[PDB]
């Protein structure tokens, strides 16, 4: 049992809330206006933990290292060349070390569960490992070591571009045909289940798979699983799709696939008004990765229009140049402000508070995209939560939604003090028990690279 003076519950902010948590890490009882009665008295305001709906773990290793001009027009595409050269040298052991360290940093930032969009499958020569699931299993073990919730999204990747272009050499570690991909999903069932981790279907992008492959995978019977795909991140993809099909990426997807609530459309950055409307209507989740989209010069998503139409969204750290719930949400809003040259862009008809609007939205979309029972403190949901700093003058002087505004718009990561996943404290007073060992292994890997 734990006790919070203030907690953000599904119906809104509450006081003196006593939480009972079962041995399996599930919220069993939630009583506001209660007595602490022996329960653990928490040190600040309690929020549901934030799901991270999009990650490529190995990229954290190169974070910030690609900030070197080599052309007057460096771009997403020259960055990718550099990313390819990086992933070409990574051993299974290095990948696991990077992932563990990353997930630890994620937890400290307030991310309690992650969707790993995992496309590094094979050995350095593009040959499969003795166990084809080698690298997927190492990701699961890293998540277990850090203690973070995990939806693993093994990625189908087969082509270099629309129309089934042959994969490039730089892509060799990613490549599977549909049969091998479906076998991978099969192999992953037992170990993921044992770990308490989740699974999802995943197409890298419309560039990387064919329409026929999409049909194959969706017909394979995994009808309960999330479906994730990168889409419309870069103008070049939009242009190439038009030249291939006479349609834009999102436009094509919606014409050809039965997109619904199972789906997470990552980035979706270049969505015209018709595409925005189709997304909102479908109930699919837009996977927004603000810090990476800014870092890569992707552009600004039409979040205000999307949100006005009932769109669902969540946040992902993606390339992991930033690991900050605060930064993603703050700059989601700030990007809309810079575009419109106005303030207070992302709010609901029933919720004028910006911080609360953003947090509510990202919690819900994120839980939906991961396919996990998370994103709110209700009986039957998993006990994933974070505790803010009760001694912080800004937070202590604030109440309810004002407190969210202070944190998200005037504060930072260090205001997140304690973090619980499935009823287990994994961060205490900003510290993770595995941080020392992990950093030691991590710095060695950085040196090797």
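Positions refer to the first chain, counted from 1.
Visitor: What stretch has the higher average Cα B-factor here, 397-405 or 31-39?
Guide: That would be 31-39.
Visitor: Which is higher in the entry, the mean Cα B factor of 149-157 or that of 278-286?
Guide: Averaged over C-alpha atoms, the B-factors run higher in 278-286.
Visitor: Name the one of 326, 113, 190, 201 with the greatest CA B-factor according to the PDB entry.
Guide: Among 326, 113, 190, 201, the highest C-alpha B-factor in the entry belongs to 190.
Visitor: From 222, 118, 141, 356, which pick has the Cα B-factor that tops the rest in the entry?
Guide: Comparing C-alpha B-factors across 222, 118, 141, 356, the maximum falls on 222.
Visitor: C-alpha B factor of residue 439, ranked within the chain: lowest, middle or highest third?
Guide: Highest third.
Visitor: Lowest, middle or highest third of the chain for the C-alpha temperature factor of residue 247?
Guide: Within its chain, residue 247 is a highest-third residue by C-alpha B-factor, going by the deposited values.
Visitor: Within this chain's modelled residues, let me know which third the CA B factor of residue 233 belongs to: lowest, middle or highest.
Guide: Within its chain, residue 233 is a middle-third residue by C-alpha B-factor, going by the deposited values.
Visitor: Place residue 379 in the lowest, middle or highest third of its chain's C-alpha B-factors, as listed in the PDB entry.
Guide: Its C-alpha B-factor, which the entry lists for residue 379, ranks in the highest third among residues of this chain.
Visitor: In terms of the chain's CA B-factor thirds, is residue 96 lowest, middle or highest?
Guide: According to the entry, residue 96 has a C-alpha B-factor in the chain's lowest third.
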